[PDB]
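Every chain is numbered from 1 and lettered A, B, ... according to where its sequence line falls, protein lines coming before strand lines.
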Amino acid sequence: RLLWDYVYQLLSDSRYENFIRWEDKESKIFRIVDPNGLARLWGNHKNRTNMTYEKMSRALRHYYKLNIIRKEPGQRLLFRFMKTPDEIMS
DNA sequence: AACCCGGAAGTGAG
DNA sequence: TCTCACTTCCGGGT
């Protein structure tokens, strides 16, 4: 199961708002509220130990080059999706 | 600190 | 066996 899909799933469920949430969902900008908590949930999702935010965020950086995600410059823990799930699956 | 960066190479899963 | 999508490590930067 893919990082971008898992991120969209958490964003779609207000139960996870203490981990991650939309900042401006019209612009698809999201905030990682608890980067360590988020990495822990992701490692759990993939059934593997020793996942960290340093490691998860590296995986997010690969998405920059794939034009799936951009960092919001100078705004800590703020990112945006450049694509919808439909668009990513194309 | 706590986060952000992208190259290089390693690896679970299917 | 082979590919994919990360994972792991790194040396930096902010």
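Counting heavy atoms from C-beta on, the side chains of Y63(A) and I88(A) never come closer than 4.5 Å. Residues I68(A) and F81(A) form a side-chain contact, since some pair of their non-hydrogen atoms from C-beta on lies under 4.5 Å apart. Contact annotation: the side chain of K55(A) never approaches that of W42(A) to less than 4.5 Å [non-hydrogen atoms, C-beta and beyond].
Rounded to whole angstrom, the span from the CD1 atom of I69(A) across to the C1' atom of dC6(C) amounts to 14 Å. Put simply, CE on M51(A) is 16 Å from P on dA5(C), counting in whole angstrom units. The nearest whole Å value for the distance from the CH2 atom in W4(A) to the P atom in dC6(C) is 10 Å.
When all heavy atoms of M82(A) and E87(A) are compared, the closest pair comes out as O-OE1, 4.1 Å. Across all non-hydrogen atoms, the minimal contact from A59(A) to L3(A) is CB-CD1, 3.7 Å.
Note on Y6(A): nothing from the nucleic acid sits closer than 4.0 angstrom, heavy atoms only. Among the protein residues, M56(A) comes within range of no part of the nucleic acid, since none of its heavy atoms lies under 4.0 Å from any strand.
One finds a side-chain N or O of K55(A) lying less than 4.0 angstrom from the OP1 or OP2 phosphate oxygen of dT8(C). At least one side-chain nitrogen or oxygen of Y63(A) sits closer than 4.0 Å to the OP1 or OP2 atom of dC6(C). In this model, the phosphate group of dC6(C) is not approached by any side-chain N or O of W42(A) to a distance below 4.0 Å at OP1 or OP2.
Note that CZ of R21(A) and CG of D13(A) are 15.0 Å apart. Values are rounded to the nearest 0.5 Å.
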(request) Report the C-alpha separation of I69(A) and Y64(A) in whole Å, then their side-chain angles, then the decisive distance to 0.1 Å, and conclude whether the side-chain contact (heavy atoms from CB on, under 4.5 Å) test is met. (result) CA-CA 5 Å; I69(A) 281 181; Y64(A) 296 172; 3.8 Å; yes
(request) Evaluate the criterion side-chain contact (heavy atoms from CB on, under 4.5 Å) for residue pair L38(A) and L10(A); output intermediate values, then yes/no. (result) CA-CA 10 Å; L38(A) 188 54; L10(A) 294 191; 3.5 Å; yes
(message) Please evaluate residues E23(A) and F30(A) with respect to the criterion side-chain contact (heavy atoms from CB on, under 4.5 Å), reporting the C-alpha separation (whole Å), side-chain torsions for both, the decisive distance (0.1 Å), and the verdict.
(response) CA-CA 5 Å; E23(A) 188 82 352; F30(A) 61 98; 5.9 Å; no
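The stretch residues 82-90 of chain A does not touch DNA chain B, since none of its heavy atoms comes less than 4.0 Å from the strand.
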(request) At under 4.0 Å between heavy atoms, which parts of nucleotides 1-14 of chain B does protein reach? Answer with one letter per nucleotide, 5' to 3': B base, S sugar-phosphate only, - none. (result) -BBBBBB----S--
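Sugar pucker of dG12(B) is south, as judged by a negative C1'-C2'-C3'-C4' dihedral.
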